[PDB]
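Trainee: Before I ask anything, here is the structure I am working with.
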Amino acid sequence: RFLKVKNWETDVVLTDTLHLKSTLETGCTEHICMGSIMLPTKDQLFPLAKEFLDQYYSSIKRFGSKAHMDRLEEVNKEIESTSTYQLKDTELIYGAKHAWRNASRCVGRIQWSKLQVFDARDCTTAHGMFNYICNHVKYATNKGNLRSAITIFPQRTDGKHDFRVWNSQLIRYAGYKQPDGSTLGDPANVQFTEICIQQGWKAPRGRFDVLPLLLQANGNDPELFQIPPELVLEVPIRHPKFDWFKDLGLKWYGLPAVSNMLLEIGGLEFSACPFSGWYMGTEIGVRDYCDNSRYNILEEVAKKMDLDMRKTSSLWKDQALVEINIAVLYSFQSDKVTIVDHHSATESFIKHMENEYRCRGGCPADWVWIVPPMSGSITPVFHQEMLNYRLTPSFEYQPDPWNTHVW
Amino acid sequence: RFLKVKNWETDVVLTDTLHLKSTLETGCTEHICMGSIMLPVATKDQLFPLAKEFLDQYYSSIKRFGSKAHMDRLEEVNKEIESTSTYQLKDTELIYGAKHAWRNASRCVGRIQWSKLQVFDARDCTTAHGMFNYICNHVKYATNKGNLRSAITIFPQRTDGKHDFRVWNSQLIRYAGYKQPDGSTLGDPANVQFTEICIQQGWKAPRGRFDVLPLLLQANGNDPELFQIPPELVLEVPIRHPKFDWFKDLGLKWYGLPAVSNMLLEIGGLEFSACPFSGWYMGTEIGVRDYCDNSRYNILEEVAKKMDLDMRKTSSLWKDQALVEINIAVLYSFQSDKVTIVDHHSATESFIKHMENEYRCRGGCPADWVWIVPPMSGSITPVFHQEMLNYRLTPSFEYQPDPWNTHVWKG
Ligand code: HEM
Ligand code: HEM
Ligand SMILES: Cc1cc(N)nc(C[C@H]2CNC[C@H]2NCCNCCc2cccc(F)c2)c1
Ligand SMILES: Cc1cc(N)nc(C[C@H]2CNC[C@H]2NCCNCCc2cccc(F)c2)c1
Ligand SMILES: C[C@H](O)[C@H](O)[C@H]1CNc2nc(N)[nH]c(=O)c2N1
Ligand SMILES: C[C@H](O)[C@H](O)[C@H]1CNc2nc(N)[nH]c(=O)c2N1
Ligand SMILES: [Zn+2]
């Protein structure tokens with residue numbers, strides 16, 4: 001029932017009671033741990049709705065009140081009638097903030113309550129989506145003073161009238177397969193980039209081409225739109241010490257904005273719910289730039305640094321990795337674009353965990369994702385035991401739309 | 001039931017069936033994952049089934065399943081259990097068992113080497129002096145003047161739980177730690193408690209930063225006894241840096257032989273409470289964990305100062321910069337002194353090959369991602385990108401309570 005988590009650096013021990021309220025399954029069993037696997041009706045809806053409303057009314061200290069019982073009856077009647085129901089604005093904002101709060105893979109949750117929620121449930125077309133999204137982009141960017149935001153499009157109905165953003169993130173760089181056999185730009189987006197060209201996009205065919213938005217309203221064919229360049233804040237990447245760094249031709253965008261996930265609140269499913277915060281430096285510097293299957297710039301940078309690249313044991317990869325990540329953080333800070341380093345972000349997360357344990361009885365956290373992809377053990381989260389479990393409201397994965405869509 | 005694991009860098013997909021053989025529990029449930037939790041007498045009743053399952057495994061491995069030799073062995077063990085409440089492993093079974101415990105060790109990234117283990121049978125040992133002699137021989141053999149060889153020494157099994165053989169040291173070779181009145185620590189802070197016990201037992205401590213601890217050895221449930229490992233047997237490496245001449249002036253050194261001595265080895269239901277085993281180091285164990293953990297030697301600030309890094313803000317990544325330099329130094333020093341060491345790039349690449357092999361020949365490879373991924377530069381190693389499945393197979397190495405917490409003092 002009660003579970004302890006220990007921090008092996010500080011000896012601080014926390015007691016988790018919040019897991020007892022978990023409703024979805026983890027993928028693990030008593031016999032096998034799947035902790036490192038990336039992807040591990042009318043009748044159905046009323047318990048889900050009831051569970052959520054009870055959470056909500058409890059949160060505002062009105063559990064079992066007249067408003068509470070009356071809301072539960074109103075929702076019951078609407079489900080009995082229409083097969084679905086509608087969230088109040090207050091419930092929608094609560095549900096969104098809590099889906100972020102419950103995101104066990106998110107290191108930046110100390111910020112969970114500050115989310116700006118844009119209600120786009122009145123949207124009907126792809127042009128309308130484009131408009132909402134441009135507005136979200138400009139608001140969240142805030143000329144470099146980034147603010148966290150989510151834009152919420154209409155909920156799933158029969159599932160043949162889905163709102164979807166086909167992009168994985170709102171702002172990403174194109175990837176093209178070449179005659180040469182190699183890849184120009186971002187290789188993760190090769191497939192998406194070719195679907196855009198298939199739909200009519202005139203590709204500039206460069207290394208950092210901001211992809212068009214491809215938007216699907218109400219189950220219809222998706223439509224292409226170019227985001228106004230003045231709305232896409234980009235940072236040229238230079239190094240505080242290495243003059244040649246600027247010459248590598250590197251840049252990245254300021255706004256990380258996940259657009260392919262599903263928001264689940266009280267059994268209602270929001271299949272188009274792009275949300276954005278700001279970067280931790282390592283996402284760009286370690287993952288985007290240095291993954292083998294991404295921009296893979298490690299070979300080139302070590303070359304400019306004149307490191308000994310003959311044997312892995314000179315740690316040439318590791319040395320270059322650090323310089324690159326210094327060059328991401330310096331550039332963003334010099335341009336006054338919000339960014340956090342992995343040391344600061346993980347320190348905040350430990351503080352957040354402590355807050356959540358004392359105020360809420362726990363914090364679901366996925367160690368495999370929380371610990372940064374560089375310098376793991378010099379960050380405090382490495383030494384922190386974490387319990388992973390699934391609470392709702394939640395953000396969930398969903399299949400890529402190009403496999404699902406019926407034209 | 002067939003489970004798939006994908007490598008997200010290479011798209012290679014593997015299929016696990018071996019998990020079906022797993023008996024024991026992980027600590028996770030359908031509703032909670034405890035994958036990051038560090039630590040999530042036996043009767044005749046329970047013993048024969050454990051023995052049978054082990055001997056079935058063993059006889060399958062040698063292609064003699066269902067043979068007369070197989071059947072006679074099951075009979076002889078069954079008879080021995082009913083007669084004596086326990087049984088004795090044959091030498092061949094003990095070797096197979098110890099190698100498989102290593103093969104099954106899901107937290108170990110060095111398992112490509114599993115079949116080359118040298119097994120020393122010390123089941124005829126009766127005294128702590130006898131333990132000391134066996135351990136010296138293990139250390140000399142494993143050390144091999146810098147050309148390290150994997151080894152394990154196996155002392156007599158648990159009987160009634162009152163006559164346990166134990167090595168009180170967590171590793172055969174480690175450095176003392178001393179808490180000073182001002183609250184600072186001299187030497188290795190991980191070993192403060194153990195060092196205090198040693199001193200209480202009568203060890204005369206030189207009270208320096210790298211004092212090799214004495215062995216504290218318990219035979220047959222008796223009170224443990226102190227022994228000094230002969231210093232000529234303890235290979236040590238002074239740490240210097242290929243480019244930074246001042247690095248040597250930090251006065252750092254480390255020992256060559258990593259030798260875990262506080263784990264329990266389980267084979268066919270038998271429990272070997274003293275089974276010290278050794279391999280050789282991956283650099284990050286020393287350079288990242290031993291030197292840079294805040295609760296260990298904690299040398300980051302001092303190195304960063306000597307490097308004249310900007311230490312006023314974390315986002316200069318001064319900690320990360322110093323970290324890499326320290327780890328270059330550890331690898332360079334070991335290689336220069338011709339002492340076996342593996343870097344985290346090479347060890348992780350070898351682990352992926354081993355894992356692919358194991359899935360194909362064995363139907364799986366239990367692996368604990370949290371432990372396998374190195375503590376620096378995670379995602380530039382191929383293991384970061386490899387999905388893994390963690391489950392518990394026997395034979396196995398298990399943790400056991402520290403002996404000072406459980407021992408009954410005879411005085
Ligand atoms: C404000 C600053 C934020 C920071 C620094 C931050 C940081 C991160 C990081 C480092 C990850 C790991 C993702 C990866 O490695 O690809 C992550 C994942 C995640 N974040 Fe946060 N985040 C922030 C804001 C948000 C917001 C506003 C939301 C939702 C409203 C959110 C929801 C999530 C979710 C659902 C994941 C898991 C995504 C997945 O499984 O791929 N984050 N975040
Ligand atoms: C041959 C070279 C070897 C290498 C490079 C190696 C590497 C490692 C590493 C890096 C770890 C994680 C240790 C930590 O972070 O504390 C580990 C753990 C482990 N290794 Fe290996 N190892 C080797 C040999 C062996 C041998 C010979 C055995 C026993 C026969 C063994 C059994 C284990 C076990 C049981 C663990 C888990 C320890 C724990 O949970 O505390 N290893 N090894
Ligand atoms: C909101 C927010 C803020 C922030 N700093 N960072 C983020 C993650 C974004 C940006 N940088 C990486 C990207 N990550 C989001 C997408 N992750 C998918 C990983 C994946 C792939 C395939 C199968 C799976 F099961 C899972 C979001
Ligand atoms: C045999 C071998 C080879 C090798 N390269 N490396 C090793 C690990 C040794 C050496 N370098 C670290 C040390 N690690 C072994 C002891 N670690 C126990 C951690 C622990 C703490 C508390 C609760 C737990 F459940 C677990 C062994
Ligand atoms: C196989 C493994 O689960 C996968 O590589 C994970 C590991 N940890 C991660 N951690 C974060 N933050 N982001 C990721 O994409 C991943 N990938
Ligand atoms: C809390 C967490 O599980 C703990 O710090 C683990 C993380 N991974 C590790 N990995 C290895 N190899 N060794 C360790 O001691 C640890 N510590
Ligand atoms: Zn698990």
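By order of appearance in the structure tokens: chains A, B, ..., then residues from 1 within every chain, and ligands from 1 in the order shown.
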Taking the DSSP assignment computed from this structure's backbone, write out as number ranges by chain all residues of segment 67-289 of chain A that belong to helix (DSSP H, G or I).

Mentor: A: 67-82, 89-101, 109-114, 126-144, 187-199, 229-231, 243-248, 281-289

Trainee: Tell me, as a list in words, which residues lie within 7 Å of residue 366 of chain A, counting only C-alpha atoms; anything in the same chain fewer than 3 positions away does not count.

Mentor: residues 104, 105, 369, 370, 386 and 388 of chain A

Trainee: Could those residues be written to a file, using C-alpha atoms, as a short mmCIF file (atom, residue, chain, number, x, y, z; two decimals), in the first residue's frame?

Mentor:
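To be explicit, this is the file written out as out-v2.cif:
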```cif
data_model
loop_
_atom_site.label_atom_id
_atom_site.label_comp_id
_atom_site.auth_asym_id
_atom_site.auth_seq_id
_atom_site.Cartn_x
_atom_site.Cartn_y
_atom_site.Cartn_z
CA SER A 104 5.64 10.83 -15.87
CA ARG A 105 8.19 11.35 -18.65
CA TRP A 369 13.10 9.49 -19.53
CA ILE A 370 13.77 11.90 -16.59
CA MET A 386 11.07 7.01 -8.86
CA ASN A 388 6.13 5.07 -12.51
#
```

Trainee: Might you pull out every residue within 6 Å of segment 371-384 of chain B, with only C-alpha atoms counted and same-chain residues fewer than 4 positions away left off, and present them as a list in words?

Mentor: residues 373, 374, 375, 376 and 377 of chain A; 107, 109 and 345 of chain B

Trainee: Can I get the selected residues back with N, CA, C and O atoms, as a PDB file, in the first residue's frame?

Mentor:
```
ATOM      1  N   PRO A 373      20.204  12.642 -21.204  1.00  0.00           N
ATOM      2  CA  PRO A 373      20.954  11.750 -22.107  1.00  0.00           C
ATOM      3  C   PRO A 373      22.457  12.032 -22.107  1.00  0.00           C
ATOM      4  O   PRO A 373      23.199  11.397 -22.861  1.00  0.00           O
ATOM      5  N   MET A 374      22.895  12.987 -21.289  1.00  0.00           N
ATOM      6  CA  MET A 374      24.327  13.149 -21.027  1.00  0.00           C
ATOM      7  C   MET A 374      24.576  13.372 -19.542  1.00  0.00           C
ATOM      8  O   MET A 374      23.703  13.870 -18.841  1.00  0.00           O
ATOM      9  N   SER A 375      25.771  13.012 -19.072  1.00  0.00           N
ATOM     10  CA  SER A 375      26.160  13.321 -17.697  1.00  0.00           C
ATOM     11  C   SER A 375      25.120  12.835 -16.667  1.00  0.00           C
ATOM     12  O   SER A 375      24.922  13.504 -15.643  1.00  0.00           O
ATOM     13  N   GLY A 376      24.475  11.690 -16.929  1.00  0.00           N
ATOM     14  CA  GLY A 376      23.425  11.160 -16.047  1.00  0.00           C
ATOM     15  C   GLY A 376      23.693  11.345 -14.553  1.00  0.00           C
ATOM     16  O   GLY A 376      22.934  12.031 -13.876  1.00  0.00           O
ATOM     17  N   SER A 377      24.770  10.736 -14.037  1.00  0.00           N
ATOM     18  CA  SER A 377      24.958  10.666 -12.586  1.00  0.00           C
ATOM     19  C   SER A 377      25.454  11.933 -11.902  1.00  0.00           C
ATOM     20  O   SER A 377      25.513  11.996 -10.674  1.00  0.00           O
TER      21      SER A 377
ATOM     22  N   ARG B 107      21.802  -6.596 -14.492  1.00  0.00           N
ATOM     23  CA  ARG B 107      22.508  -5.302 -14.308  1.00  0.00           C
ATOM     24  C   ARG B 107      23.951  -5.245 -14.855  1.00  0.00           C
ATOM     25  O   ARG B 107      24.574  -4.186 -14.813  1.00  0.00           O
ATOM     26  N   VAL B 109      26.797  -5.244 -17.638  1.00  0.00           N
ATOM     27  CA  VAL B 109      27.033  -4.925 -19.036  1.00  0.00           C
ATOM     28  C   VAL B 109      28.210  -5.726 -19.601  1.00  0.00           C
ATOM     29  O   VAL B 109      28.481  -5.695 -20.793  1.00  0.00           O
ATOM     30  N   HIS B 345      32.119   3.225 -24.426  1.00  0.00           N
ATOM     31  CA  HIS B 345      31.721   3.034 -25.824  1.00  0.00           C
ATOM     32  C   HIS B 345      31.898   1.592 -26.262  1.00  0.00           C
ATOM     33  O   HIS B 345      30.974   0.977 -26.796  1.00  0.00           O
TER      34      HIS B 345
END
```

Trainee: Could you list, as a compact mmCIF listing (two decimals) with N, CA, C and O atoms, in the first residue's frame, every residue of chain A that has an atom within 7 Å of an atom of chain B, counting only C-alpha atoms?

Mentor:
```txt
# COMPACT_ATOMS: atom_id res chain seq x y z
N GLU A 9 21.83 9.83 -2.70
CA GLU A 9 22.81 10.90 -2.52
C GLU A 9 22.52 11.69 -1.24
O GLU A 9 23.45 12.10 -0.53
N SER A 22 -4.13 4.99 -9.22
CA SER A 22 -3.79 4.72 -10.63
C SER A 22 -4.84 3.84 -11.30
O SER A 22 -5.34 2.88 -10.71
N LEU A 24 -4.80 3.21 -15.20
CA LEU A 24 -4.28 2.54 -16.39
C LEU A 24 -3.09 1.61 -16.07
O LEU A 24 -2.42 1.79 -15.05
N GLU A 25 -2.86 0.61 -16.92
CA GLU A 25 -1.82 -0.40 -16.72
C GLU A 25 -0.46 0.03 -17.28
O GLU A 25 -0.41 0.74 -18.28
N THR A 26 0.64 -0.41 -16.64
CA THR A 26 2.02 0.05 -16.97
C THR A 26 2.73 -0.68 -18.10
O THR A 26 3.66 -0.14 -18.70
N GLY A 27 2.33 -1.91 -18.37
CA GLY A 27 3.07 -2.76 -19.30
C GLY A 27 3.88 -3.81 -18.56
O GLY A 27 4.11 -4.90 -19.10
N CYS A 28 4.29 -3.49 -17.33
CA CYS A 28 5.00 -4.44 -16.47
C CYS A 28 4.04 -5.48 -15.86
O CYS A 28 2.82 -5.33 -15.91
N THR A 29 4.61 -6.56 -15.32
CA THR A 29 3.88 -7.54 -14.51
C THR A 29 4.80 -7.92 -13.34
O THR A 29 5.94 -7.44 -13.26
N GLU A 30 4.32 -8.79 -12.46
CA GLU A 30 5.17 -9.32 -11.39
C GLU A 30 6.35 -10.13 -11.93
O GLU A 30 7.32 -10.37 -11.21
N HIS A 31 6.27 -10.56 -13.18
CA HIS A 31 7.31 -11.43 -13.75
C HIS A 31 8.31 -10.71 -14.66
O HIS A 31 9.42 -11.21 -14.87
N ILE A 32 7.93 -9.56 -15.20
CA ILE A 32 8.72 -8.86 -16.20
C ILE A 32 8.57 -7.35 -16.09
O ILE A 32 7.46 -6.84 -15.87
N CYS A 33 9.69 -6.63 -16.22
CA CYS A 33 9.68 -5.19 -16.25
C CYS A 33 9.87 -4.70 -17.67
O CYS A 33 10.82 -5.10 -18.36
N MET A 34 8.95 -3.83 -18.11
CA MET A 34 9.00 -3.27 -19.44
C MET A 34 9.32 -1.79 -19.35
O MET A 34 9.02 -1.02 -20.26
N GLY A 35 9.98 -1.40 -18.25
CA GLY A 35 10.30 0.00 -18.00
C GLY A 35 11.05 0.71 -19.11
O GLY A 35 11.01 1.93 -19.20
N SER A 36 11.75 -0.04 -19.97
CA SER A 36 12.52 0.63 -21.04
C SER A 36 11.89 0.51 -22.44
O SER A 36 12.49 0.97 -23.42
N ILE A 37 10.70 -0.08 -22.53
CA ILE A 37 9.94 -0.13 -23.79
C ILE A 37 9.35 1.26 -24.06
O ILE A 37 8.74 1.84 -23.19
N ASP A 291 22.49 12.25 -32.00
CA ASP A 291 21.99 10.89 -32.31
C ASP A 291 22.55 10.48 -33.69
O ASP A 291 22.60 11.30 -34.61
N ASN A 292 22.94 9.21 -33.80
CA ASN A 292 23.34 8.58 -35.06
C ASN A 292 22.30 8.78 -36.15
O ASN A 292 22.64 9.16 -37.26
N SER A 293 21.02 8.56 -35.84
CA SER A 293 19.97 8.67 -36.86
C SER A 293 19.34 10.06 -36.97
O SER A 293 18.30 10.23 -37.62
N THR A 312 38.11 4.86 -29.42
CA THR A 312 36.97 5.38 -28.68
C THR A 312 37.43 5.86 -27.30
O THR A 312 36.85 6.78 -26.74
N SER A 313 38.53 5.27 -26.80
CA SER A 313 38.99 5.54 -25.44
C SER A 313 39.66 6.90 -25.21
O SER A 313 40.02 7.22 -24.07
N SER A 314 39.83 7.71 -26.26
CA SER A 314 40.27 9.10 -26.08
C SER A 314 39.08 9.97 -25.65
O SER A 314 39.24 11.16 -25.32
N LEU A 315 37.90 9.36 -25.66
CA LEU A 315 36.62 10.02 -25.36
C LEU A 315 36.38 11.27 -26.23
O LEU A 315 35.84 12.27 -25.75
N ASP A 318 32.71 12.16 -26.37
CA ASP A 318 32.23 12.76 -25.14
C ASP A 318 32.69 14.23 -25.05
O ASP A 318 31.93 15.09 -24.65
N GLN A 319 33.94 14.49 -25.43
CA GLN A 319 34.50 15.84 -25.33
C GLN A 319 33.75 16.83 -26.24
O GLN A 319 33.36 17.94 -25.82
N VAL A 322 30.11 17.71 -25.07
CA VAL A 322 30.02 18.79 -24.08
C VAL A 322 30.11 20.18 -24.76
O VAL A 322 29.27 21.05 -24.51
N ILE A 326 27.38 23.24 -24.66
CA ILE A 326 27.75 24.59 -24.25
C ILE A 326 27.30 25.58 -25.32
O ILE A 326 26.74 26.61 -24.99
N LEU A 329 23.33 26.18 -25.29
CA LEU A 329 22.93 27.04 -24.16
C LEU A 329 23.40 28.50 -24.26
O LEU A 329 22.64 29.42 -23.97
N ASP A 341 19.31 24.46 -18.77
CA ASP A 341 20.30 23.35 -18.82
C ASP A 341 19.82 22.15 -18.00
O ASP A 341 18.92 22.29 -17.16
N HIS A 343 21.26 20.53 -15.63
CA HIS A 343 21.53 20.62 -14.19
C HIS A 343 20.39 21.35 -13.49
O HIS A 343 19.80 20.82 -12.55
N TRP A 367 12.02 7.11 -14.72
CA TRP A 367 13.47 7.37 -14.59
C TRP A 367 14.21 7.36 -15.95
O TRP A 367 15.08 8.20 -16.25
N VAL A 368 13.85 6.39 -16.77
CA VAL A 368 14.48 6.19 -18.06
C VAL A 368 14.41 7.46 -18.93
O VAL A 368 15.36 7.77 -19.66
N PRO A 373 20.20 12.64 -21.20
CA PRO A 373 20.95 11.75 -22.11
C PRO A 373 22.46 12.03 -22.11
O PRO A 373 23.20 11.40 -22.86
N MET A 374 22.89 12.99 -21.29
CA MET A 374 24.33 13.15 -21.03
C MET A 374 24.58 13.37 -19.54
O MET A 374 23.70 13.87 -18.84
N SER A 375 25.77 13.01 -19.07
CA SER A 375 26.16 13.32 -17.70
C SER A 375 25.12 12.84 -16.67
O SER A 375 24.92 13.50 -15.64
N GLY A 376 24.48 11.69 -16.93
CA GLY A 376 23.43 11.16 -16.05
C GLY A 376 23.69 11.34 -14.55
O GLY A 376 22.93 12.03 -13.88
N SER A 377 24.77 10.74 -14.04
CA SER A 377 24.96 10.67 -12.59
C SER A 377 25.45 11.93 -11.90
O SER A 377 25.51 12.00 -10.67
N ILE A 378 25.82 12.94 -12.68
CA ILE A 378 26.17 14.20 -12.06
C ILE A 378 24.92 15.10 -11.88
O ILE A 378 25.02 16.21 -11.36
N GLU A 385 15.29 7.41 -6.59
CA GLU A 385 14.32 6.36 -6.93
C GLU A 385 13.00 7.01 -7.31
O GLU A 385 12.60 8.01 -6.68
N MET A 386 12.34 6.46 -8.33
CA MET A 386 11.07 7.01 -8.86
C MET A 386 10.06 5.90 -9.05
O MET A 386 10.42 4.80 -9.45
N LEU A 387 8.79 6.16 -8.76
CA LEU A 387 7.77 5.15 -9.07
C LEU A 387 7.01 5.61 -10.29
O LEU A 387 6.59 6.76 -10.34
N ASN A 388 6.88 4.74 -11.30
CA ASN A 388 6.13 5.07 -12.51
C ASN A 388 4.76 4.40 -12.46
O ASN A 388 4.64 3.21 -12.20
N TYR A 389 3.72 5.19 -12.69
CA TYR A 389 2.35 4.70 -12.75
C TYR A 389 1.54 5.72 -13.55
O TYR A 389 1.98 6.85 -13.73
```

Trainee: Near residue 279 of chain A, counting only C-alpha atoms, which residues have an atom at most 10 Å away, once you skip same-chain residues fewer than 2 positions from it, shown as a PyMOL selection string?

Mentor: chain A and resi 108+146+253-257+276-277+281-284+329+332+337-342+345

Trainee: Which of these, A:1, A:138, A:109, A:336, has the shortest distance to ligand 1 once you count only C-alpha atoms and all ligand atoms?

Mentor: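 Once distances to ligand 1 are computed over only C-alpha atoms and all ligand atoms, the minimum belongs to A:109.
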
Trainee: Mind pulling up the distance from atom CA of residue 133 of chain B to atom CA of residue 228 of chain B?

Mentor: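 These two atoms are separated by 11.1 Å.
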
Trainee: Which residue, A:213, A:140, A:290, A:152, has the smallest gap to residue 174 of chain A when you use only C-alpha atoms?

Mentor: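 Comparing A:213, A:140, A:290, A:152 against residue 174 of chain A, the winner is A:213.
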
Trainee: Excluding residue 206 of chain A and residues on its chain fewer than 3 positions from it, collect all residues at most 12 Å away from it, counting only C-alpha atoms, and give them as number ranges by chain.

Mentor: A: 173-178, 183-186, 202-203, 209-211, 249

Trainee: Can you write just those residues out, C-alpha atoms, as a CSV table (one decimal), in the first residue's frame?

Mentor:
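The new file selection.csv reads:
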```
chain,number,residue,atom,x,y,z
A,173,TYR,CA,13.1,20.7,-40.1
A,174,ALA,CA,12.6,18.8,-43.4
A,175,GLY,CA,14.4,15.6,-44.3
A,176,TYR,CA,15.2,14.4,-47.8
A,177,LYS,CA,16.7,11.1,-49.1
A,178,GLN,CA,19.3,11.8,-51.7
A,183,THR,CA,20.2,12.3,-46.0
A,184,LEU,CA,19.9,16.1,-46.2
A,185,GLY,CA,18.3,17.8,-43.1
A,186,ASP,CA,16.5,15.8,-40.4
A,202,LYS,CA,7.6,23.1,-52.9
A,203,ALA,CA,10.6,22.0,-50.9
A,209,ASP,CA,13.8,24.0,-43.9
A,210,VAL,CA,10.9,24.7,-41.5
A,211,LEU,CA,8.2,22.1,-42.5
A,249,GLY,CA,26.0,26.3,-40.4
```

Trainee: Of the residues A:390, A:172, A:207, A:251, which is the one nearest to ligand 3, using only C-alpha atoms and all ligand atoms?

Mentor: A:172

Trainee: What separation in Å, quoted to one decimal, exists between atom CA of residue 123 of chain B and atom CA of residue 154 of chain B?

Mentor: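 So the two atoms, atom CA of residue 123 of chain B and atom CA of residue 154 of chain B, lie 6.5 Å apart.
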
Trainee: Please provide as a list in words all residues within 8 Å of residue 136 of chain A, with the sequence filter that same-chain residues fewer than 5 positions apart are discarded (counting only C-alpha atoms).

Mentor: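 Listed by chain and then number, they are residues 118, 149, 150 and 151 of chain A.
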
Trainee: Can you list, as an NGL selection string, every residue of segment 123-276 of chain B that DSSP puts in strand (DSSP E)?

Mentor: :B and (151-154 or 166-167 or 177-179 or 185-187 or 215-218 or 225-227 or 236-238 or 253-255 or 259-260 or 264-267 or 270-272)

Trainee: Between B:273, B:185, B:67, B:118, which has the minimum distance to ligand 2 (counting only C-alpha atoms and all ligand atoms)?

Mentor: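 Closest to ligand 2 of all the choices is B:118.
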
Trainee: At a cut-off of 10 Å, using only C-alpha atoms, what residues contact residue 247 of chain A? Leave out same-chain residues fewer than 4 positions from it and give the result as a list in words.

Mentor: residues 237, 238, 242 and 243 of chain A

Trainee: Using only C-alpha atoms and all ligand atoms, which residue out of B:267, B:326, B:407, B:108 lies closest to ligand 2?

Mentor: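 Looking only at the distances to ligand 2, the closest residue turns out to be B:108.
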
Trainee: Which one is closest to residue 81 of chain B: B:348, B:60, B:137, B:46? Count only C-alpha atoms.

Mentor: B:46

Trainee: At a cut-off of 6 Å and counting only C-alpha atoms and all ligand atoms, what residues surround ligand 2? Please answer as a list in words.

Mentor: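 Residues lying within 6 Å of ligand 2: residues 102, 105, 107, 108, 109, 110, 113, 150, 151, 277, 278, 279, 280, 281, 282 and 397 of chain B.
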
Trainee: Go ahead and write the residues just picked, C-alpha atoms, as an mmCIF file, in the first residue's frame.

Mentor:
```cif
data_model
loop_
_atom_site.group_PDB
_atom_site.id
_atom_site.type_symbol
_atom_site.label_atom_id
_atom_site.label_comp_id
_atom_site.auth_asym_id
_atom_site.auth_seq_id
_atom_site.Cartn_x
_atom_site.Cartn_y
_atom_site.Cartn_z
ATOM 1 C CA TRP B 102 26.751 -14.214 -14.280
ATOM 2 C CA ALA B 105 22.854 -10.933 -14.119
ATOM 3 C CA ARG B 107 22.508 -5.302 -14.308
ATOM 4 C CA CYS B 108 25.863 -6.457 -15.801
ATOM 5 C CA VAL B 109 27.033 -4.925 -19.036
ATOM 6 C CA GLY B 110 30.123 -7.146 -19.156
ATOM 7 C CA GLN B 113 32.576 -12.586 -21.160
ATOM 8 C CA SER B 150 37.555 -13.073 -14.509
ATOM 9 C CA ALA B 151 37.244 -15.240 -11.409
ATOM 10 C CA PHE B 277 33.877 -12.497 -7.891
ATOM 11 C CA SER B 278 35.979 -10.174 -10.070
ATOM 12 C CA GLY B 279 36.285 -8.871 -13.578
ATOM 13 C CA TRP B 280 37.940 -5.712 -14.871
ATOM 14 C CA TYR B 281 36.735 -2.097 -14.834
ATOM 15 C CA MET B 282 34.726 0.008 -17.219
ATOM 16 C CA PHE B 397 23.448 -13.352 -7.741
#
```

Trainee: One number please: atom CA of residue 193 of chain B to atom CA of residue 248 of chain B, in Å, one decimal.

Mentor: 29.2 Å
